Amino acid sequence: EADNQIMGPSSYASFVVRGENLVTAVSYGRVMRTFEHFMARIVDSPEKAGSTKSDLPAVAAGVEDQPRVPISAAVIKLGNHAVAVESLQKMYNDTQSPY
Amino acid sequence: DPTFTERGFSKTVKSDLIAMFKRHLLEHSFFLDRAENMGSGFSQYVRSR
Amino acid sequence: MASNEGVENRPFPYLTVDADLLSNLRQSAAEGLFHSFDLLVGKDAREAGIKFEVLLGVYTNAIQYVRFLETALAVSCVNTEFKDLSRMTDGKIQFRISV
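Below you will find a few notes about this structure.

1. Some details on the overall build of chain A
Reasoning step 1: If you tally the helices and strands in chain A, you get four helices and five strands.
Reasoning step 2: Across chain A, helices and strands are ordered from the amino to the carboxyl terminus as β-α-β-α-α-β-β-β-α.
Reasoning step 3: By its C-alpha atoms, chain A is 50 × 35 × 20 Å across when sized along the principal axes.
Reasoning step 4: Here chain A holds 99 residues, and 11% of them are scored as buried.
Reasoning step 5: Of all intrachain contacts in chain A linking residues separated by at least 6 positions in sequence, the fraction that spans at least 24 positions is 56%.

2. Quick notes on the pattern of salt bridges
Reasoning step 1: Counted according to the given criterion, the structure contains six salt bridges over all chains.
Reasoning step 2: The salt bridge partner of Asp94(A) is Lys90(A), with a shortest N-O separation of 3.7 Å.
Reasoning step 3: Judged by relative accessible area, which is 54%, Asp94(A) ranks as exposed.
Reasoning step 4: Across the salt bridge formed by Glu27(B) and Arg23(B), the nearest N and O atoms sit 3.9 Å from each other. Within this pair, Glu27(B) and its partner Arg23(B) are both found in helix α1 (residues 11-27), separated by four residues, close to a single helical turn.

3. Side note on the environment of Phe4(B)
All names here are of chain B.
Reasoning step 1: Among the structural elements, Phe4 can be located in the segment before α1.
Reasoning step 2: As a C-alpha pair, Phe4 and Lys14 span ten residues in sequence and 9.4 Å in three-dimensional space.
Reasoning step 3: When residues no more than four places from it in sequence are discounted, the contact partners of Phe4 are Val13, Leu17 and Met20.

4. A few points about a nonpolar patch on the surface
Reasoning step 1: Side chains of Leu21(C), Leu22(C), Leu25(C), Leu33(C) and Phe34(C) sit close together on the surface and give an oily, nonpolar patch of about 570 Å² of accessible area.
Reasoning step 2: Structurally, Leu22(C) can be placed in the segment before α1 (25-31).

5. Examining the interface of chain B and chain A
Reasoning step 1: Opposite the four residues of chain B that make contact, chain A presents four residues.
Reasoning step 2: Between chain B and chain A, the buried area comes to about 310 Å², and carbon and sulfur atoms account for 50% of it.
Reasoning step 3: Looking at the side of chain B facing chain A, the largest losses of area belong to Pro2(B), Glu6(B) and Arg7(B), adding up to 91% of the total buried there.
Reasoning step 4: Taken together, the connections running from chain B to chain A amount to one residue pair in polar contact.

6. Examining the interface of chain C and chain A
Reasoning step 1: With 14 residues of chain C at the interface, the matching set in chain A holds twelve residues.
Reasoning step 2: Both faces considered, chain C and chain A share a buried interface measuring about 1,100 Å² in area, 62% of it formed by carbon and sulfur atoms.
Reasoning step 3: Considering only the surface of chain C that becomes buried against chain A, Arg10(C), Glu53(C) and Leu55(C) emerge as the three largest contributors, covering 40% of it.
Reasoning step 4: Here chain C and chain A share one salt bridge between them.
Reasoning step 5: Connecting chain C to chain A are five residue pairs in polar contact.

7. With respect to the pairing of strand β5 (residues 81-85) of chain A
All names here are of chain A.
Reasoning step 1: Here five bridges tie strand β4 (residues 74-78) to β5, and the two strands are oriented antiparallel to one another. Note that in β5 the partner of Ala74 across the bridge is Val85.
Reasoning step 2: In this antiparallel pair of consecutive strands, β4 and β5, the connection spans two residues, and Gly79 shows a positive phi of 65°.

8. Topic: unusual backbone geometry
Residue and element names in this part refer to chain A.
Reasoning step 1: At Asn4, a residue that is not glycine, the phi angle is positive and equals roughly 35°.
Reasoning step 2: As for its placement among the helices and strands, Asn4 is situated in the segment before β1 (6-9).
Reasoning step 3: One non-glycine residue with positive phi stands out, namely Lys48, at about 40°.
Reasoning step 4: Along the chain, the position of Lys48 falls in the loop between α2 (35-44) and α3 (52-59).

9. Description of the arrangement of the chains
Reasoning step 1: Between all two pairs of chains that are in contact, chains A and C come out with the most contacts.
Reasoning step 2: Nowhere do chain B and chain C come into contact; their C-alpha atoms are at least 40 Å apart.

10. Here's the deal with the packing of aromatic side chains
Residue and element names in this part refer to chain A.
Reasoning step 1: For the structure on display, the rule yields four aromatic pairs over all chains.
Reasoning step 2: With a centroid separation of 5.9 Å and 50° between ring planes, the pair formed by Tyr92 and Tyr99 is classed as tilted.
Reasoning step 3: With relative accessibility at 33%, the residue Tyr92 sits in the partly exposed group.
Reasoning step 4: You can call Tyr99 exposed: its relative accessible area is 56%.
Reasoning step 5: Here the basic side chain of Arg33 rests over the ring of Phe15, its NZ or CZ set 4.5 Å away from the ring centre.

Cut-off values and rules
Residues numbered from 1 in each chain as written, not as in the entry; some residues may be left out. Chains lettered and ligands numbered in written order. Part of a larger assembly, values for the part shown. Heavy atoms only, no water. Helix = DSSP H or I, 4+ residues; strand = E, 2+ residues; numbered from the N terminus. Buried < 20%, exposed > 50% of the residue type's maximum accessible area, 1.4 Å probe, protein only. Contact = heavy atoms within 4.5 Å. Salt bridge = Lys/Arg side-chain N within 4 Å of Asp/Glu carboxyl O. Patch = residues over 30% accessible without salt bridge, like charges linked within 9 Å, V, L, I, M, F, W, Y side chains within 5 Å. Areas by Shrake-Rupley, 256 points an atom, 1.4 Å probe, with all protein chains shown as cover. Buried area = accessible area lost by both parts, 1.4 Å probe. Polar contact = N/O pair within 3.5 Å; in protein donor to acceptor, adjacent residues only side chain to side chain. Pairing = 2+ DSSP bridges. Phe/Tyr/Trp six-rings, centres within 6.5 Å; stacked < 30°, edge-to-face > 60°. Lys NZ or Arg CZ within 6 Å of the ring centre and 35° of its normal.

Laid out in structure tokens, this is it:
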């Protein structure tokens with residue numbers, strides 16, 4: 001199947017320590033991942049009944065915002081699933097390590 | 001093949017290399033002559049070799 | 001008492017207090033006047049390293065609704081809503097065929 005290409009993100013999703021995390025880090029030795037989400041859920045909109053579509057921006061921490069780039073690796077269609085197939089043998093043959 | 005040589009050279013690995021020398025020597029020499037008996041395997045065997 | 005009980009050496013941004021607290025502090029430290037006290041010698045008299053544990057996520061199972069009327073099993077049935085079902089003792093369907 002002549003595809004041998006995928007569109008992927010060019011960078012990691014950044015998570016950094018903000019000041020609101022930092023006061024909890026110094027004061028109690030705890031940080032919570034994306035504190036702002038929890039505070040917006042608790043103190044701003046109290047009820048906000050649990051919904052998948054509402055939480056879809058929350059669960060992805062900027063992974064969807066990344067720019068795309070072409071990636072070279074072949075795929076096969078196992079039934080309905082287009083699955084990528086590759087090897088990593090050459091980068092270990094370069095270093096004389098067991099694969 | 002780096003699979004056989006990944007652990008460096010040792011007595012057992014050298015011996016298995018000699019055994020596979022013997023195997024491939026008996027089996028895949030004069031491959032084009034053995035292509036006659038295969039019949040329907042005309043192209044794919046020569047391409048693989 | 002014991003040296004470190006509630007003594008947390010985290011680098012809190014302390015307040016500056018004008019009053020003096022060192023009046024007979026050594027002898028009061030010797031007797032045990034105030035509990036949960038630590039003496040920090042000068043080589044360990046520093047801001048501590050900052051450490052934390054992190055809650056990476058909280059995720060909840062979201063249960064989708066399933067309607068009988070939207071599954072194809074109801075092809076094999078005819079669904080009539082019946083307002084007062086308890087009032088019916090028995091229903092009856094009678095077939096008259098001439099051959």
